[PDB]
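Below you'll find the structure, written out as structure tokens, and then a few comments.
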Amino acid sequence: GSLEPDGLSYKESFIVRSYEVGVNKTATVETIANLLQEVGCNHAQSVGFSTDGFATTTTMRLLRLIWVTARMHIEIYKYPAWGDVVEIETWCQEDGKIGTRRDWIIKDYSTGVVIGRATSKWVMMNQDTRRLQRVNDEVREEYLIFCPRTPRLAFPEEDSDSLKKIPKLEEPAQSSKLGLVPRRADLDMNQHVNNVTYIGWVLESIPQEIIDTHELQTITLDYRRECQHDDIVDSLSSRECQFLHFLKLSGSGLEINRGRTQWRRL
Amino acid sequence: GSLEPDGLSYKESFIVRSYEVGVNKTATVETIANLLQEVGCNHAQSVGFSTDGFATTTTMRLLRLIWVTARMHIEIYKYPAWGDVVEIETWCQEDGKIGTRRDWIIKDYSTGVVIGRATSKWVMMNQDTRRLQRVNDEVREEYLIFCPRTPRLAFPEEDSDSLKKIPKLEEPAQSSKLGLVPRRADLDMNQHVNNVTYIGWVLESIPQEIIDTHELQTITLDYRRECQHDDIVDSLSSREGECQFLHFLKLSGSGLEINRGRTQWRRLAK
Ligand SMILES: Cc1ccsc1C1=NO[C@@]2(CCN(Cc3c(F)cccc3F)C2=O)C1
Ligand SMILES: Cc1ccsc1C1=NO[C@@]2(CCN(Cc3c(F)cccc3F)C2=O)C1
């Protein structure tokens with residue numbers, strides 16, 4: 001991968017691997033999420049920010065601040081097959097004083113056709129208090145200098161599904177997987193359940209009949225809390241075809257995340 | 001990747017990704033196993049065998065025969081870091097009347113140094129009866145044409161750890177992770193727990209104190225049974241600047257053996 005000529009976006013290509021495809025003989029949602037993370041990490045490295053998954057500047061590390069996910073939204077028009085080459089372009093934009101947006105466009109490298117797009121909201125959190133913390137414009141300029149000046153939106157449409165609020169589904173959920181436990185292999189380099197594990201947990205709540213007849217066009221997650229190594233999680237869904245999702249701690253009922261998935265017939 | 005000029009081995013390169021590394025800031029055992037599977041599958045495709053995970057010839061499909069894993073052995077000298085390019089060469093050999101061997105050599109592409117190696121034993125099973133089978137000469141000839149005539153060994157040493165028998169550890173096990181359940185994400189394209197999931201389950205049984213101070217140099221798994229979507233598994237280990245563990249994967253209800261293993265560990269000094 002490489003910064004673009006203007007230095008305000010980053011591009012990387014991948015050849016889809018046989019083990020990265022699922023039941024529909026195309027790349028899994030988890031593979032797509034992993035590729036989005038990979039090009040984002042290579043972009044952070046290329047502009048001199050942390051590569052630890054907090055993507056920090058010098059001054060954020062001084063101020064005990066880290067970037068954390070508020071929302072992730074992925075839309076897939078066509079899943080690539082084993083051996084397909086995909087090119088992902090990614091860039092960041094200001095999202096108010098508290099936040100940044102990271103966007104991605106996924107192309108079939110051979111045709112140049114857009115096969116998917118994604119957007120994410122990040123907020124600045126004090127690592128000691130877990131509170132959102134605003135910093136002055138001079139700290140923000142450290143990262144805003146690596147973002148396009150003129151807005152580039154992967155989701156330029158007026159009332160984008162990517163910004164649509166997710167309500168809390170009412171129990172009992174129509175579909176549920178109770179008592180899910182993270183594995184060592186599910187933990188990031190900070191002992192928190194990684195994003196691909198949340199995606200897997202969300203998909204566990206989908207009825208098999210849907211998995212057998214449909215594929216996922218969009219997934220939206222709003223994150224509230226991290227899941228710890230010893231946490232036990234219930235993954236719930238109901239129809240809102242479209243589903244609402246809710247991930248909650250088995251004991252307390254405390255919200256981990258909520259989500260929306262949209263499905264298209266195979 | 002690509003067949004080599006002589007058409008008797010296959011080579012593929014990979015750039016290690018940020019998400020493929022674990023606590024030691026180098027590629028996980030799971031990533032290595034995935035790369036070994038990937039170059040094996042690309043090789044099968046390049047010689048016109050099935051890519052469904054059974055690597056069948058024309059005559060095997062006629063006879064309702066599939067390759068299944070009896071043993072997998074991985075040895076890692078050095079795990080590659082994020083951004084390292086690794087090149088894996090793989091090839092197959094006849095393994096007596098009982099089956100075939102697939103071997104791999106893993107090189108750091110930058111230096112050309114061997115950083116690891118792997119071997120696997122496969123046996124022929126009738127996919128309807130689950131009964132093992134000695135290989136017909138018709139099936140033998142269909143694959144032997146794609147194998148070196150003089151055997152190449154990734155493990156050419158005398159009394160290789162790769163061929164060492166694994167005993168059944170005695171219960172109670174020193175260390176255990178009970179009631180492991182496969183996820184949809186852990187299923188192969190035939191609804192069976194995939195190989196990387198077994199490796200992960202084996203490593204769940206290792207004490208955290210070992211994970212914190214050592215890294216894995218070798219893993220050996222002997223496979224007995226496939227784990228189904230609704231199966232619940234217990235992962236057991238006991239001890240057997242170096243340390244070794246016996247492993248046993250068994251069904252929670254019946255106690256039936258899924259697989260057994262051995263892992264060998266090396267102390268990290270930094
Ligand atoms: C994709 C990913 C995985 C872990 S954190 C994360 C992030 N995605 O978006 C963020 C928000 C700010 N930022 C820094 C940053 C710029 F602000 C501008 C240009 C390059 C650059 F790295 C990010 O990378 C965090
Ligand atoms: C690596 C892997 C993942 C799923 S099944 C599998 C196999 N690895 O070894 C086997 C044994 C036979 N065989 C066919 C074969 C040759 F016999 C010779 C040359 C190329 C070639 F594909 C294999 O690939 C099965």
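Within each chain, counting starts at residue 1; across the structure tokens, chains are named A, B, ... in the order shown, with ligands numbered 1 upward in that order.
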Contact residues around residue B:85 with only C-alpha atoms at 8 Å, ignoring same-chain residues under 5 positions, as a PDB file with C-alpha atoms, in the first residue's frame:
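Output saved as around32.pdb:
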```
ATOM      1  CA  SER B  13       4.492 -15.272  -1.009  1.00  0.00           C
ATOM      2  CA  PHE B  14       2.514 -13.358   1.656  1.00  0.00           C
ATOM      3  CA  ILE B  15       3.013  -9.947   3.345  1.00  0.00           C
ATOM      4  CA  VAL B  16       2.270 -10.393   7.083  1.00  0.00           C
ATOM      5  CA  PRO B  80       7.693 -13.156  10.842  1.00  0.00           C
ATOM      6  CA  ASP B 108      11.954 -15.092   5.038  1.00  0.00           C
ATOM      7  CA  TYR B 109      11.769 -13.786   1.444  1.00  0.00           C
ATOM      8  CA  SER B 110      14.151 -10.871   2.222  1.00  0.00           C
TER       9      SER B 110
END
```
Give me the residues near residue A:147 as a PDB file with N, CA, C and O atoms, in the first residue's frame, where near means some atom within 6 Å (using only C-alpha atoms) and where sequence neighbours in that chain fewer than 5 positions away do not count.
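Printed below is around.pdb as written:
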```
ATOM      1  N   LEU A   8      -3.254  12.678   1.199  1.00  0.00           N
ATOM      2  CA  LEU A   8      -4.488  12.835   2.013  1.00  0.00           C
ATOM      3  C   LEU A   8      -5.379  11.580   1.965  1.00  0.00           C
ATOM      4  O   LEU A   8      -6.458  11.591   2.571  1.00  0.00           O
ATOM      5  N   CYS A  92      -9.476   9.976   6.277  1.00  0.00           N
ATOM      6  CA  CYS A  92     -10.162  10.503   7.471  1.00  0.00           C
ATOM      7  C   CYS A  92     -10.648  11.931   7.217  1.00  0.00           C
ATOM      8  O   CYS A  92     -10.094  12.604   6.350  1.00  0.00           O
ATOM      9  N   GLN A  93     -11.615  12.370   8.007  1.00  0.00           N
ATOM     10  CA  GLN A  93     -12.240  13.708   7.937  1.00  0.00           C
ATOM     11  C   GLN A  93     -12.599  14.098   9.365  1.00  0.00           C
ATOM     12  O   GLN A  93     -12.902  13.193  10.172  1.00  0.00           O
TER      13      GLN A  93
END
```
* **Residues flagged strand (DSSP E or B) by DSSP in stretch 29-103 of chain A, as a list in words** => residues 65, 66, 67, 68, 69, 70, 71, 72, 73, 74, 75, 76, 85, 86, 87, 88, 89, 90, 91, 92, 93, 94, 95, 99, 100, 101, 102 and 103 of chain A
* To do: Around ligand 2, at most 6 Å away and counting only C-alpha atoms and all ligand atoms, which residues are there? Put them as a list in words, please.
  => residues 37, 40, 41, 43, 44, 53, 54, 55, 67, 91, 92, 100, 102, 122, 143, 146 and 147 of chain B
* What's the 10 Å shell around residue A:230, counting only C-alpha atoms, without same-chain residues fewer than 6 positions away, as number ranges by chain? -> A: 181-183
* Can you pull out every residue within 10 Å of stretch 196-203 of chain A, counting only C-alpha atoms, but drop anything in the same chain fewer than 3 positions away, and send it as a ChimeraX atom specification? => /A:29-34,37,176-177,180-183,185-187,193,206-208,211,216,219-221,223,227,233-237,244-247,256-261 /B:183-186
* Residues of chain B within 10 Å of chain A, only C-alpha atoms counted, as a PyMOL selection string -> chain B and resi 14-15+17-25+28+30+34-35+37-42+51-53+83+180-181+183-191+194+197+200-201+203-204+208
Export, as a tab-separated table (two decimals), in the first residue's frame, the selected residues with N, CA and C atoms.
```
chain	number	residue	atom	x	y	z
B	14	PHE	N	3.51	-14.10	0.86
B	14	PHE	CA	2.51	-13.36	1.66
B	14	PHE	C	3.24	-12.22	2.37
B	15	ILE	N	2.54	-11.11	2.54
B	15	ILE	CA	3.01	-9.95	3.34
B	15	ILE	C	2.24	-10.00	4.66
B	17	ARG	N	0.25	-9.25	7.82
B	17	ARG	CA	-0.69	-8.13	8.06
B	17	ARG	C	-0.71	-7.80	9.55
B	18	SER	N	-1.02	-6.55	9.88
B	18	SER	CA	-1.05	-6.05	11.27
B	18	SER	C	-1.96	-6.93	12.13
B	19	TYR	N	-3.09	-7.39	11.60
B	19	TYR	CA	-4.07	-8.15	12.41
B	19	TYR	C	-3.65	-9.62	12.52
B	20	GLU	N	-2.63	-10.07	11.77
B	20	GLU	CA	-2.17	-11.48	11.78
B	20	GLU	C	-1.16	-11.73	12.91
B	21	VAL	N	-0.73	-10.68	13.63
B	21	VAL	CA	0.29	-10.83	14.72
B	21	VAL	C	-0.41	-10.85	16.07
B	22	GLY	N	0.18	-11.55	17.04
B	22	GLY	CA	-0.32	-11.69	18.42
B	22	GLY	C	0.58	-10.97	19.42
B	23	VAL	N	0.58	-11.44	20.67
B	23	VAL	CA	1.24	-10.78	21.83
B	23	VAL	C	2.75	-10.63	21.58
B	24	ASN	N	3.37	-11.55	20.82
B	24	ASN	CA	4.85	-11.49	20.64
B	24	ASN	C	5.18	-10.56	19.47
B	25	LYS	N	4.18	-9.84	18.92
B	25	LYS	CA	4.38	-8.85	17.83
B	25	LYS	C	4.84	-9.56	16.56
B	28	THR	N	0.77	-15.11	14.43
B	28	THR	CA	0.23	-16.17	15.30
B	28	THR	C	0.44	-17.53	14.64
B	30	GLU	N	-1.94	-19.53	14.30
B	30	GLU	CA	-3.18	-19.63	13.49
B	30	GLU	C	-2.91	-19.05	12.09
B	34	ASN	N	-2.97	-21.04	8.47
B	34	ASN	CA	-3.82	-20.49	7.39
B	34	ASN	C	-3.01	-20.37	6.09
B	35	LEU	N	-1.79	-19.83	6.19
B	35	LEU	CA	-0.88	-19.67	5.02
B	35	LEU	C	-0.50	-21.05	4.47
B	37	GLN	N	-2.32	-23.82	4.62
B	37	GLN	CA	-3.58	-24.27	3.97
B	37	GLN	C	-3.74	-23.56	2.61
B	38	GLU	N	-3.50	-22.25	2.56
B	38	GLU	CA	-3.70	-21.43	1.35
B	38	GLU	C	-2.79	-21.93	0.23
B	39	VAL	N	-1.49	-22.06	0.47
B	39	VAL	CA	-0.55	-22.47	-0.62
B	39	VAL	C	-0.87	-23.92	-1.02
B	40	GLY	N	-1.28	-24.78	-0.09
B	40	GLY	CA	-1.71	-26.16	-0.43
B	40	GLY	C	-2.92	-26.17	-1.38
B	41	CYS	N	-3.91	-25.31	-1.12
B	41	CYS	CA	-5.15	-25.19	-1.92
B	41	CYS	C	-4.81	-24.63	-3.32
B	42	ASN	N	-3.97	-23.60	-3.40
B	42	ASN	CA	-3.54	-23.02	-4.71
B	42	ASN	C	-2.78	-24.08	-5.51
B	51	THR	N	-10.77	-28.30	-5.10
B	51	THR	CA	-10.40	-27.17	-4.21
B	51	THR	C	-11.43	-27.10	-3.07
B	52	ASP	N	-12.18	-28.19	-2.86
B	52	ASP	CA	-13.26	-28.30	-1.85
B	52	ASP	C	-12.68	-28.75	-0.48
B	53	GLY	N	-11.36	-28.92	-0.38
B	53	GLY	CA	-10.69	-29.35	0.86
B	53	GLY	C	-10.42	-30.83	0.90
B	83	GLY	N	4.61	-6.77	7.95
B	83	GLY	CA	5.35	-6.19	6.81
B	83	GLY	C	6.40	-7.14	6.26
B	180	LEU	N	-15.84	-25.82	25.21
B	180	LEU	CA	-15.59	-24.95	24.03
B	180	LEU	C	-16.65	-25.25	22.97
B	181	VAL	N	-17.22	-24.21	22.35
B	181	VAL	CA	-18.31	-24.36	21.34
B	181	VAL	C	-17.86	-23.68	20.06
B	183	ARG	N	-18.07	-21.60	16.64
B	183	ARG	CA	-18.86	-20.51	16.04
B	183	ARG	C	-19.10	-20.84	14.57
B	184	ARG	N	-20.12	-20.26	13.94
B	184	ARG	CA	-20.31	-20.32	12.47
B	184	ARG	C	-19.01	-19.95	11.76
B	185	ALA	N	-18.28	-18.95	12.25
B	185	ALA	CA	-17.00	-18.49	11.66
B	185	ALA	C	-15.92	-19.59	11.72
B	186	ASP	N	-16.09	-20.61	12.57
B	186	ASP	CA	-15.09	-21.71	12.76
B	186	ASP	C	-15.39	-22.89	11.84
B	187	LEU	N	-16.46	-22.86	11.04
B	187	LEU	CA	-16.88	-24.03	10.22
B	187	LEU	C	-16.23	-23.93	8.84
B	188	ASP	N	-15.69	-25.06	8.35
B	188	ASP	CA	-15.20	-25.23	6.96
B	188	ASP	C	-16.43	-25.30	6.04
B	189	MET	N	-16.21	-25.30	4.72
B	189	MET	CA	-17.29	-25.24	3.70
B	189	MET	C	-18.01	-26.60	3.66
B	190	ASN	N	-17.87	-27.43	4.70
B	190	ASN	CA	-18.62	-28.71	4.90
B	190	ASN	C	-19.15	-28.80	6.34
B	191	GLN	N	-19.21	-27.67	7.06
B	191	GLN	CA	-19.92	-27.53	8.37
B	191	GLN	C	-19.15	-28.27	9.49
B	194	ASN	N	-12.87	-26.12	11.43
B	194	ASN	CA	-11.66	-26.03	10.57
B	194	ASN	C	-10.40	-26.24	11.43
B	197	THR	N	-9.15	-23.67	14.06
B	197	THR	CA	-9.97	-23.70	15.29
B	197	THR	C	-9.39	-24.76	16.23
B	200	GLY	N	-6.21	-23.36	17.80
B	200	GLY	CA	-6.65	-22.40	18.82
B	200	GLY	C	-7.11	-23.09	20.08
B	201	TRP	N	-7.97	-24.10	19.94
B	201	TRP	CA	-8.48	-24.88	21.10
B	201	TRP	C	-7.34	-25.55	21.85
B	203	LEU	N	-4.23	-24.48	22.06
B	203	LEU	CA	-3.48	-23.39	22.72
B	203	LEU	C	-4.28	-22.83	23.91
B	204	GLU	N	-5.62	-22.88	23.89
B	204	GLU	CA	-6.45	-22.45	25.05
B	204	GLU	C	-6.05	-23.23	26.31
B	208	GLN	N	-1.42	-19.48	31.13
B	208	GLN	CA	-1.12	-18.07	30.77
B	208	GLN	C	0.35	-17.77	31.08
```
* Where does DSSP see helix (DSSP H, G or I) in stretch 154-240 of chain B, if you list the residues as an NGL selection string? -> :B and (161-163 or 184-186 or 195-204 or 208-213)
* Would you mind listing the residues within 7 Å of ligand 1, counting only C-alpha atoms and all ligand atoms, as a list in words? => residues 8, 36, 37, 40, 41, 43, 44, 45, 47, 49, 53, 54, 55, 56, 67, 68, 91, 92, 93, 100, 101, 102, 122, 143, 144, 146 and 147 of chain A
With C-alpha atoms retained, write the just-selected residues as a short mmCIF file (atom, residue, chain, number, x, y, z; two decimals), in the first residue's frame.
```cif
data_model
loop_
_atom_site.label_atom_id
_atom_site.label_comp_id
_atom_site.auth_asym_id
_atom_site.auth_seq_id
_atom_site.Cartn_x
_atom_site.Cartn_y
_atom_site.Cartn_z
CA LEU A 8 -4.49 12.84 2.01
CA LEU A 36 -10.62 -2.33 6.32
CA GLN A 37 -8.60 -2.47 9.62
CA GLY A 40 -6.40 1.91 8.14
CA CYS A 41 -3.38 0.69 10.21
CA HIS A 43 -2.35 4.59 6.67
CA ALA A 44 -1.75 5.52 10.38
CA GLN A 45 1.83 4.15 10.08
CA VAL A 47 1.63 9.53 8.59
CA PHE A 49 0.65 7.96 14.16
CA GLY A 53 -5.01 0.39 17.26
CA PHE A 54 -5.51 3.85 18.97
CA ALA A 55 -3.96 5.78 16.00
CA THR A 56 -2.62 8.55 18.35
CA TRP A 67 -9.28 7.11 19.46
CA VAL A 68 -12.13 4.60 20.16
CA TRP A 91 -9.07 8.60 4.33
CA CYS A 92 -10.16 10.50 7.47
CA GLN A 93 -12.24 13.71 7.94
CA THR A 100 -13.12 11.86 13.24
CA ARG A 101 -14.64 9.81 10.37
CA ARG A 102 -12.68 7.11 8.50
CA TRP A 122 -14.16 7.69 16.23
CA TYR A 143 -4.22 15.04 12.48
CA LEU A 144 -6.50 17.40 10.41
CA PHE A 146 -3.54 14.48 7.02
CA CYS A 147 -7.28 14.81 6.04
#
```
Taking only C-alpha atoms into account, produce a table as JSON lines in which each residue of stretch 158-178 of chain B with an atom at most 6 Å from an atom of stretch 233-244 of chain B appears once, together with its shortest atom pair and the distance in Å to one decimal, ordered by chain and rising number.
```
{"residue": "B:173", "atom": "CA", "partner": "B:238", "partner_atom": "CA", "distance": 5.5}
{"residue": "B:174", "atom": "CA", "partner": "B:238", "partner_atom": "CA", "distance": 4.9}
{"residue": "B:175", "atom": "CA", "partner": "B:237", "partner_atom": "CA", "distance": 5.1}
{"residue": "B:176", "atom": "CA", "partner": "B:236", "partner_atom": "CA", "distance": 4.4}
{"residue": "B:177", "atom": "CA", "partner": "B:235", "partner_atom": "CA", "distance": 5.2}
{"residue": "B:178", "atom": "CA", "partner": "B:234", "partner_atom": "CA", "distance": 4.3}
```
* **B:170, B:75, B:141, B:12 ranked by distance to residue B:33, top pick (using only C-alpha atoms)** =>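 Answer, going by the shortest atom-to-atom distance: B:75.
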* Could you please determine the separation between atom CA of residue A:9 and atom CA of residue A:89 in Å, to one decimal place? => 6.8 Å
* Find, counting only C-alpha atoms, the residue in A:128, A:84, A:161, A:141 that gets nearest to residue A:218. =>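 Ranked by minimum distance to residue A:218, first place goes to A:161.
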Within 6 Å of stretch 105-118 of chain A, counting only C-alpha atoms, which residues qualify if same-chain residues fewer than 2 places away don't, as a compact mmCIF listing (two decimals) with N, CA, C and O atoms, in the first residue's frame?
```txt
# COMPACT_ATOMS: atom_id res chain seq x y z
N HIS A 73 -19.93 1.26 9.91
CA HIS A 73 -20.97 0.96 8.90
C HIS A 73 -20.28 0.40 7.66
O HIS A 73 -19.44 1.11 7.09
N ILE A 74 -20.60 -0.83 7.29
CA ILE A 74 -20.07 -1.47 6.05
C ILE A 74 -21.24 -1.78 5.11
O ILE A 74 -22.26 -2.37 5.56
N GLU A 75 -21.07 -1.44 3.83
CA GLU A 75 -22.00 -1.84 2.75
C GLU A 75 -21.22 -2.63 1.71
O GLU A 75 -20.19 -2.08 1.19
N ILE A 76 -21.66 -3.86 1.41
CA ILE A 76 -21.06 -4.73 0.35
C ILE A 76 -22.08 -4.93 -0.78
O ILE A 76 -23.18 -5.45 -0.50
N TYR A 77 -21.73 -4.49 -1.99
CA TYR A 77 -22.56 -4.65 -3.21
C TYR A 77 -22.30 -6.02 -3.84
O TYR A 77 -23.24 -6.71 -4.28
N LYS A 78 -21.04 -6.44 -3.84
CA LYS A 78 -20.61 -7.76 -4.37
C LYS A 78 -19.39 -8.23 -3.57
O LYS A 78 -18.39 -7.50 -3.56
N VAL A 85 -8.62 -9.65 -6.99
CA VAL A 85 -7.78 -8.55 -6.45
C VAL A 85 -8.71 -7.40 -6.13
O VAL A 85 -9.50 -7.00 -7.00
N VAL A 86 -8.67 -6.91 -4.90
CA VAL A 86 -9.48 -5.75 -4.47
C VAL A 86 -8.54 -4.64 -4.04
O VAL A 86 -7.47 -4.94 -3.46
N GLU A 87 -8.92 -3.41 -4.33
CA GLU A 87 -8.16 -2.20 -3.97
C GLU A 87 -9.05 -1.39 -3.03
O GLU A 87 -10.22 -1.16 -3.36
N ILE A 88 -8.51 -1.03 -1.87
CA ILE A 88 -9.26 -0.26 -0.85
C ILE A 88 -8.55 1.07 -0.68
O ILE A 88 -7.33 1.07 -0.44
N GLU A 89 -9.29 2.16 -0.90
CA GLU A 89 -8.81 3.53 -0.61
C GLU A 89 -9.46 3.98 0.70
O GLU A 89 -10.66 3.75 0.86
N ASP A 103 -13.36 6.79 6.19
CA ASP A 103 -14.13 6.23 5.06
C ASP A 103 -13.25 5.25 4.29
O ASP A 103 -12.02 5.38 4.32
```
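A straight line drawn from atom CA of residue A:98 to atom CA of residue A:132 is 7.3 Å long.
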